[PDB]
Structures are given as C-alpha cells and as structure tokens.
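From first to last, the protein sequence lines are chains A and B.
Letter by letter, the first sequence follows residues 304 to 344, 354 to 722 in UniProt numbering.
Letter by letter, the second sequence follows residues 302 to 343, 351 to 722 in UniProt numbering.
Note that the Cβ used here is the ideal one computed from N, Cα and C, for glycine as well.
Let me begin by presenting the structure, written as structure tokens, before commenting on it.
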Amino acid sequence: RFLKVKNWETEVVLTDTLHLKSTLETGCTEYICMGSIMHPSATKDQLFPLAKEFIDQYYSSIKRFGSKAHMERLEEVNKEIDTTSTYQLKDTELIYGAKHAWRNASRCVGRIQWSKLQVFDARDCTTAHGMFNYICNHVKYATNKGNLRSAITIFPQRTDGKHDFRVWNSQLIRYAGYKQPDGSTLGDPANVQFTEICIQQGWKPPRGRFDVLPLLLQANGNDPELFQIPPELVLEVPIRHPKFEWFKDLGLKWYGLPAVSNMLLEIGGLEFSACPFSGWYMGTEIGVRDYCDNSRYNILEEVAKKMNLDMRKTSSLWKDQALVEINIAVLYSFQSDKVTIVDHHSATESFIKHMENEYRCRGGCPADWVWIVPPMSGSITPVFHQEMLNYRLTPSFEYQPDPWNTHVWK
Amino acid sequence: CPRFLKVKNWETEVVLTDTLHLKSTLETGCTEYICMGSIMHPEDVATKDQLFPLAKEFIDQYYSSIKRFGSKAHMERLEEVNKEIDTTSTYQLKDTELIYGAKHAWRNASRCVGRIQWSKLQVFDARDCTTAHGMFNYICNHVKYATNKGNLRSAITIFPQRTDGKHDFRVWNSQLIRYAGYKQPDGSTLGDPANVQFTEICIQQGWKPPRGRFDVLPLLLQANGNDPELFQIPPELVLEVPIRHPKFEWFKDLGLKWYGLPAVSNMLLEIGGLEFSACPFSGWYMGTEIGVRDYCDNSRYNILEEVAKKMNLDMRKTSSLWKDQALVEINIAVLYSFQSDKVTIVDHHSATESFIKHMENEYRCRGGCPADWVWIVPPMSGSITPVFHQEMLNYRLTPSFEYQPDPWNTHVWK
Ligand code: HEM
Ligand code: HEM
Ligand SMILES: Cc1cc(N)nc(CCc2cc(F)cc(CC[C@@H]3CCCN3C)c2)c1
Ligand SMILES: Cc1cc(N)nc(CCc2cc(F)cc(CC[C@@H]3CCCN3C)c2)c1
Ligand SMILES: C[C@H](O)[C@H](O)[C@H]1CNc2nc(N)[nH]c(=O)c2N1
Ligand SMILES: C[C@H](O)[C@H](O)[C@H]1CNc2nc(N)[nH]c(=O)c2N1
Ligand SMILES: [Zn+2]
C-alpha cells in the first residue's frame, strides 16, 4: 500500500505509490536489511511477459494504451519470440527504454536530467572496429568542447551468451596504474589489473602517472582488440587552486568525461551487455574518491604537508581540512576551463527538486540513500535529511561479471 | 534464509561471514521488494502466552553466556520464571540478568558506533523507586557518576518495568541534559530550536525560564503513571565546555558552549519480554554530534553563516565550498575545547576506526554484528573514514533499545 517519506529538515512528507510496480528483488528481507551491500546476491518462456510488461508501459506513456498500435505490437513481438527466440525493439522503444533505465537508477543523484539523453543506436555493429567508430562519435558528441552532453550508445543485445558485445574497460576514459618493483603504485591503483591485461595484449605503456588507457573492445564474442582514442577527443583539466599557488606544482589533472562502460542495460527482457553512457562529473567523484581514497591516488598526506598542517593526531582534522581544499581546486579548475561540473551542494539540491517532481507526476522515486548522500559534508546537504525508499523498477542498469573471468580466448 | 552471509570491505578487501543474523527477532521494515533502510522510524503489554517464549529465549541466552546451559540452576531458573508468569502475569529479573540484558541491548544497538565499549557499562538498579522525587535522586547520582569531573563513564539507570501500561515510569525529557528553545512572536527562535515543544510543556508545568541561548531544561519525571513533576538539576552537576578555536581568536567571541554528557532518556529497554520504559543511559560524545548536527544543522543553532563571515569566505557561490570549509573549523574548535578542558570526547576518525576493529572482533567471536550504515557513517567526511567502505548487515537482536511514543501524547492526566 501507500508509503510515506519525510524530510526531517523541511518536514515535507511525500506519499509513494510507485513501489507497487516493482518486481525485481532488493536483497533485503523482513529480518535483514542489505542496504549497504554493493552487489547483493533467457528463453521464449521468460521473455514474453517481460516484453509484454515493457510494451504495456511504453504505450501507456504515450497515452495510447490498448490502442490498435499497441495490439499489433504485442502480436508482432509474440510472433518474433516464437520464430527467433528473441525480438528487436523499435527505435522509439529503444530511446524510451534507455531514458527510463536512467530515470529508474536509484543510485544516481543526476536524474533530474533523465529525459535530456542523446541515444545512439549501434545495434547494426558487428566488429570491434565498428564499436571503436561508434565509441569515438559518442565521446566527441558528449564532450562537445567542454559543454558536456549526456549520451548513451547501445550495441547489439545478447543472443546465445557466447556472442556478447562487451566494452572491457569499466569506463571509456581511465588512467593506467602500474605495480612498481619497490612495492608502490604509479598512476591509478584501481586499474592495475586492467592495465596489465592491456600490456599483456600488446599495449606499450608510457609508465606515467596519467596515461589514458586504450579501449579493449569485444564484438560478437570474439577476442577483444586494442584501440587508442585519438587524443584530441580526450578533454583533460589541470587541477589548480584559487588561493594556493603551489597546488599546480602537484602535477594533478583529470579527464572531463565520466563514461560508465561495464554495465548492462535491460529493456523488456532483452540484455544490452555493451551500453556505454556518459554525463558530467559531480566534483566529489574526483576530489574525494579518486584522489583521497587510500586505495586510489591518496594525496591527502601531500596536500596537508604543503598546507603545513599539524598531522600528528587525527583530532586536528587535518584530513578533513585537506579534503575541502582539494575539492575547491577541482571545482575551480573545471569551471575555469569551461568544463561542465556540478558541486555536491547544487547536485543534491537538484535531486530533492527532482524527487518532488517524480512524486507529483509519477507517484514516487526509488532512491538509494547510501549512494545519493555525497562522500563529504553529508548532513549540510539536503539529501542527508531526506528519507528515501529503494526499489527496483525496470528498464534498468545492472551489474554484470567482468569479461576477463568468462571469456574463453582463441 | 541461508546460513552464511558475507560482507566485504571495499578499501581493504577483507571479507567477513555472518551467522548471527539467524537469531534475528523482529522486523527491519524492509521487504524483498522495498528497502526502508533510510526511514528513521520504520497500553497493549505482553500476555502470558507471549511472555513465556520470550523469557525462555532470554534465560537460555543468559545461561549460555555464563557457560551453564542446561545446568541445574538453568532449569530451576526456567522453572521459577514460568511459575511467576503463571501466578503474576510477569516476572522479575535477577540482578545478574538485568546487568547482562542492559549490556547486550547496547551491544545489539545497530545504530551505535561506540559499541566497542559495551561490556564496560555501569548499571544502576533503580527498580525499588516509587516516586518522582526518588527518580530525581537516582538521575542526579547517575549524572554525577557518569560525569566524573570530565573523565566520563558510561552508565544506565533502570527504573521499574511496565506492568499494565497505566503505571509507567517515564523521563519526559528526551535527553537528561538539553538546552531550552523559545519561539519568539516574530518567528525567530532563541536557544535550541529542536527543543521548543518540550520547552513549552515545561513552562506550562510551572518552569520559570530565564530565556537565554543556553538554559538547561529541568527534569520532568513521571513515576508509577502519575502526573510528571519538575526538578532543576543542580548546576554544579552539569559539566559544560566553552567552545574556542586553537587558531581563530575571534571564535570564543561567538559565545558558544555545550554540555559534556550525552544521556538518552526516552528509549525503552526490552529484556526477556519485559519493558523498561524509563532507562536513561549515557556515554560520551563523538565530536560531530555537536560540531556538525547541533551547531550546523539549518534547524538547530545554524552558525555556519556567522562562522563563514568571520573567516572572510566568498559566500556567493556554493562551489567555493564555504560551508564545508567552515564546518571543518567548527569541528576543530569543538574537539580542541573538550580536550583542553579534559572532558572525554572522541573524533570521528578514531571512533570509526575503533568500530571497525570492534565489528571484526564480533564477527570473529560472536558470528556477526548488526550495524546501520546510514547511522554509523559520520555526517561529515564520510568516505575518508573506514566505515564508509564497510558493507554492513542490519538486523534486530534482543535485548534491545527501542523507540516509544512521546509521553505527553499518551498520558492520561490525573
Ligand atoms: C548528467 C550528469 C550526471 C551526474 C552529475 C551523475 C551523478 C552520479 C553520481 C555522483 C553517481 C555515483 C557514482 C559513484 O559514486 O561511483 C551516479 C551513479 C549512477 N549514474 Fe548518474 N550521473 C549523471 C548521469 C547519468 C547518466 C546519463 C546515466 C545513464 C544514462 C546515469 C546512470 C547512473 C547509474 C546506473 C549509476 C549507478 C552506478 C552504479 O551502481 O555503480 N547517470 N551518478
Ligand atoms: C560510550 C561512548 C558512546 C559513543 C561514542 C556513542 C556514539 C553514538 C553515536 C555517535 C550515535 C548516533 C547518535 C545520533 O546521531 O543521534 C549513537 C547512537 C546510539 N547509541 Fe551510542 N554511543 C556511546 C555510548 C552508548 C551507550 C552507553 C549506549 C546504551 C547503553 C548507547 C546506545 C545507543 C543507541 C541505542 C543509539 C541509537 C539512538 C537512536 O536511534 O536515536 N550508546 N551512539
Ligand atoms: C554517467 C555518470 C556520471 C557521473 N557523474 N558519474 C558516473 C560514475 C563515474 C565513474 C567514473 C570512473 F572513472 C570510474 C567509476 C567507477 C566507480 C566505482 C564503481 C563502484 C565503486 N566505485 C565507486 C565511476 C557516471
Ligand atoms: C549514549 C550516547 C552517546 C553519544 N555519543 N551519543 C548519544 C546520542 C546523543 C544525543 C544527544 C542529544 F542531545 C539528542 C539526541 C537525539 C537526536 C535526535 C534523535 C533522532 C534524530 N536526532 C539525531 C541524541 C548517546
Ligand atoms: C533521512 C535519514 O535517515 C536521516 O537524516 C538520518 C541519516 N543518518 C543519521 N545518522 C545519525 N548518526 N544520526 C541521525 O540523526 C541520522 N539521520
Ligand atoms: C559499503 C558501501 O556500500 C560502499 O562503500 C558504498 C557506500 N556509498 C557509496 N556511494 C557512492 N556514491 N559511491 C560508492 O562507491 C559508494 N560506496
Ligand atoms: Zn533494506
């Protein structure tokens, strides 16, 4: 039945009806909540009710539920699953399904933008060279000389499971990481294993601190192939600080385009194992997690040193002070280079506004508090104080296994 | 439900295995279709038939902990409790069982980051209390013991259990020590805006308010279901800390201070199906409870603007992060002021590091540790603490602390 969510700062109460339409599991039970677990836990027979569900909500979104167009589409889809064990989405259904997978992404604070999404149909692709051409067009389009535009590129759906299209990179643009003889790590420590697979596949590493990784692209289940993104397509930002002139001497930079390439798009029971999507950054993604996680670039110690902070005891909050300055620098840098970025105060503001929109016009908004609240300054943002209900609506983005754990090579 | 559930720490790769969840008793509020993990709160009294298995379960657990399960004393205690429920519809805990039950309610409190301390809890048995004056004496003794001139000691005082629901003992205060808040005709608030409703109840009950920014509220104490009564805590028992900053000399000019003892007094303690509706317990603060929530919440003291002004910060763009910068300095001042005055406080880095060590020990020796990530992660600098990266399982073990309705909403006035 109906569920209420309260904001404890503004005392606004919203009423959720939309959760009655979910079916996929959350991972919780009545006795155990798994809200902080990151990853909890086809045939003709399973496929038709899923397709029927999706076709039903599409024709209901365009105000033609039960129409003649609706009926023939259900019939069309029915006979296609019969003869081929799958079916193909219309262009309009593809675009609607991709926008709603974003709209339904409970962990995304950026969803106020959900309906401004440029959808690139790449379902005619057959080879890794074709994938690379499609991916370059995406990157060029989404980057737009710093005026970033949300986009998704959708490669052919899964068939028998042995001819998957996959982007092996977890993101389209990432820096390499290198295991050093002495024990430490040059570059990004999260990408050490992927970097090794690229080297093992023939990539010549410059062994620097910000080496853009090549694309490793698998088409139709074949061995993946390496490709270099042309450098003029990779927009980067040197990180400097408005007051600390020594900050540029740290030599830090980052790329402007965040582009997730390892997730699975599910629409009406069809599985798109390669659907790279991109938006623009929230400042904390770079300044808190990328630079200050102990298992990432891990620069807090250096910054606090140049800040001459007393680092002998934790209760001086030297880590918290250094962390704010780093995030000031990131926002100042992207803004000075006219590269789209949002700070966590503005992003969480917009998300509360989005939530209000969705409850009014849709009857709810699935939202994952554990991911929505920013990784710094939590309670001075409005989402800290916002109760949220998490539930799984489809179309959706899902996690899938890494391809180097399942691919049987030549 | 499967026998083993795994949790991973994503910073360190450590994987832990939980079997304790199989003893889960009540409901989280979640279902397999919806998660309510960020919902703050997701007369009846227990009958004889509900009480028997709840008492057996607790007694069984107690005799297991002292390595006397199935023993003669175990079976005799079971037998004596069963008779008591039969004749009187209730039973009385032994002092040993009361102490065990209180410590385990803390140990089981999924929202508490301070639980590494759970076995060092001083339990004060106040079940012989009969009047509000006697409750005041017990609470004063609690405050003085727990404060200990600044070397704070965790403690709980347990008043008589519920009987028929018409004779409840209650502390109407939500915490033993809070500052008053006063709504002004022009809509502004003086003092702590969170406490305006309770403050008005006190004034109606006869309190003469000084109408200051930091006035300690009186105790409002209900014994045996009678109308509650007002008492002033002796001010020498209320340890307070003036807030100053190690670098900003102007920070003392803001006139901020805070009390040293966090003491929750509106929760209900449940042990073996018995309900202790008045059980004030106290610990010591984590700095962010004061520095981030009390001072910087918009609907609390809300000083970020005034601090940012004196820090000469650009306050027109949010992307200058002027709020974040000032929040850090306020939390530096709070930790510096408590440490300088030798009042126990713990920073959020140290407290979350201890909690990870504690949770690992509990997984190792107890088979799990219920934890509520939404509450355990501090309200600032979340991801630079080790709990941010820690997967957690949340579930309800008993003995437990529970929320209960506010007493002014249910009390039948004599
Ligand atoms: C347009 C600007 C966008 C912003 C500012 C934004 C912001 C964010 C942030 C901060 C996260 C948390 C990511 C993390 O901590 O690793 C996130 C997650 C996510 N975003 Fe958005 N996002 C944007 C666009 C998009 C788009 C275009 C899509 C898909 C079409 C999308 C789908 C998702 C999904 C599925 C997640 C969850 C990823 C996971 O579970 O690992 N986002 N977003
Ligand atoms: C000894 C040092 C202690 C520390 C550092 C500590 C720390 C904390 C913190 C930071 C919270 C979150 C509070 C909030 O955000 O409002 C909390 C909650 C809690 N603590 Fe502890 N605590 C301590 C002692 C205790 C003791 C002695 C008990 C009970 C015997 C206890 C039981 C609880 C409970 C039940 C909650 C949940 C309160 C609620 O849901 O509103 N804590 N603790
Ligand atoms: C569309 C979009 C917009 C945005 N603004 N942001 C994102 C996530 C960005 C991102 C960039 C990377 F280069 C790497 C990762 C992986 C992060 C991993 C996944 C789970 C744990 N860890 C956080 C995410 C996506
Ligand atoms: C034993 C103990 C130790 C500690 N270190 N801390 C606490 C919580 C302290 C506290 C002090 C207050 F003055 C008010 C509250 C209640 C705050 C309310 C409850 C729910 C929303 N809000 C946070 C708790 C308890
Ligand atoms: C909506 C959300 O559940 C609420 O703001 C919670 C979030 N986490 C919290 N965590 C702690 N420790 N204390 C709190 O009061 C809250 N408030
Ligand atoms: C254990 C926990 O689920 C994990 O650290 C989550 C917490 N919240 C997060 N929130 C965001 N936005 N991104 C993350 O990677 C995480 N990590
Ligand atoms: Zn849950």
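Query, Result
"For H342 (chain B), which of B:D680, B:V389, B:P303 and B:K722 has the nearest alpha-carbon?", "B:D680"
"So with CB distances below 9 Å, who are the chain A contacts of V682 (chain B)?", "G338, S339, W681, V682 and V685"
"Any C-beta of chain B within less than 8 Å: which residues of the segment 319-333 of chain A qualify?", "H322, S325, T326, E328, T329, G330, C331, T332 and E333"
"Looking at chain B, is there any beta carbon in it that lies within less than 7 Å of the beta carbon of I335 (chain A)?", "yes"
"Where does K650 (chain B) land, buried or exposed, given buried means 16+ other C-beta within 10 angstroms?", "exposed"
"Using a Cβ-Cβ cut-off of 7 Å (strictly less than) and excluding sequence neighbours within five positions of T596 (chain B), which residues of its own chain qualify?", "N639, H656, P686, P687 and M688"
"Restricting to runs no shorter than 4 residues, where is the alpha helix (DSSP H) found entirely within the segment 655-712 of chain A?", "656-674 and 681-684"
"For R478 (chain A), which option in A:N574, A:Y371, A:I485 and A:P542 has the closest C-alpha, if you only look at C-alpha atoms?", "A:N574"
"How would you call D494 (chain A), buried or exposed, if buried means at least 16 neighbouring beta carbons within 10 angstroms?", "exposed"
"Buried or exposed: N610 (chain B), going by 16 or more other Cβ atoms within 10 Å of its Cβ?", "exposed"
"What residues are listed by DSSP as bridge partners for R601 (chain A)?", "Its beta-bridge partners do not exist; DSSP assigns none."
"DSSP three-state label for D319 (chain B), please.", "strand"
"Can you tell me whether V682 (chain B) sits near ligand 5, meaning its C-beta is under 6 Å from at least one heavy atom of the ligand?", "yes"
"Determine which residues share a DSSP beta bridge with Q483 (chain B) and list them.", "B:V572"
"If I follow the unbroken alpha helix (DSSP H) through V636 (chain B), where does it start and stop?", "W630 to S648"
"For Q469 (chain A), count neighbouring Cβ atoms within 10 angstroms of its own Cβ and tell me buried if that reaches 16, exposed if not.", "buried"
"Looking at the C-beta of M623 (chain B), does it have a partner C-beta in chain A at a distance below 7 Å?", "no"
"Going by other Cβ atoms of all chains shown within 10 Å of its Cβ, with 16 needed for buried, is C673 (chain A) buried or exposed?", "exposed"
"What residues from the segment 698-712 of chain A come within 9 Å of chain B, judged by C-beta to C-beta, listed N to C?", "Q698, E699, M700, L701, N702, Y703 and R704"
"Measuring alpha carbon to alpha carbon, tell me which of B:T507, B:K402, B:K380 and B:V549 ends up nearest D433 (chain B).", "B:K402"
"Which of the three DSSP states is assigned to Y593 (chain B) in this structure?", "strand"
"Helix, strand or coil: how does DSSP classify residue 723 (chain A) here?", "With chain A represented from 304 up to 722, any question about residue 723 (chain A) goes unanswered, as that position is not in the structure."
"At a threshold of 6 Å, does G591 (chain B) count as lining ligand 4 (C-beta to nearest heavy atom)?", "yes"
"Can you list the residues of chain B that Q647 (chain A) reaches, using a CB-CB cut of under 7 Å?", "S627"
"In chain B, which residues lie less than 7 Å from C604 (chain A) when you measure between Cβ atoms?", "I692"
"Using a Cβ-Cβ cut-off of 7 Å, state whether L643 (chain B) counts as contacting chain A.", "yes"
"For chain A, is any of its Cβ atoms less than 7 Å away from the one on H553 (chain B)?", "no"
"Is the separation between the beta-carbon of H697 (chain B) and that of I424 (chain B) shorter than 7 Å?", "no"
"What are the boundary residues of the alpha helix (DSSP H) that includes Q505 (chain A)?", "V504 to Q512"
"Decide if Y711 (chain B) is buried, meaning its Cβ has at least 16 other Cβ atoms within 10 Å, or exposed.", "exposed"
"Kindly list the residues whose CB is nearer than 6 Å to the CB of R552 (chain A), restricted to its own chain and excluding five residues on each side of it in sequence; keep chain order.", "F559, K560 and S645"
"How far does the beta strand (DSSP E) with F539 (chain B) in it reach, from first residue to last?", "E537 to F539"
"Using the Cα positions of residue 346 (chain A) and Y334 (chain A), report the straight-line distance between them to the nearest angstrom.", "Along chain A, the last residue before the gap is 344 and the first after it is 354, so residue 346 (chain A) carries no coordinates."
"Short check: CB of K631 (chain A) to CB of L643 (chain A), under 7 Å?", "no"
"Do the segment 532-546 of chain A and the segment 431-447 of chain A touch if we need at least three Cβ pairs shorter than 8 Å?", "yes"
"Using a Cβ-Cβ cut-off of 7 Å (strictly less than) and excluding sequence neighbours within five positions of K565 (chain A), which residues of its own chain qualify?", "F522, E548, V549, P550 and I551"
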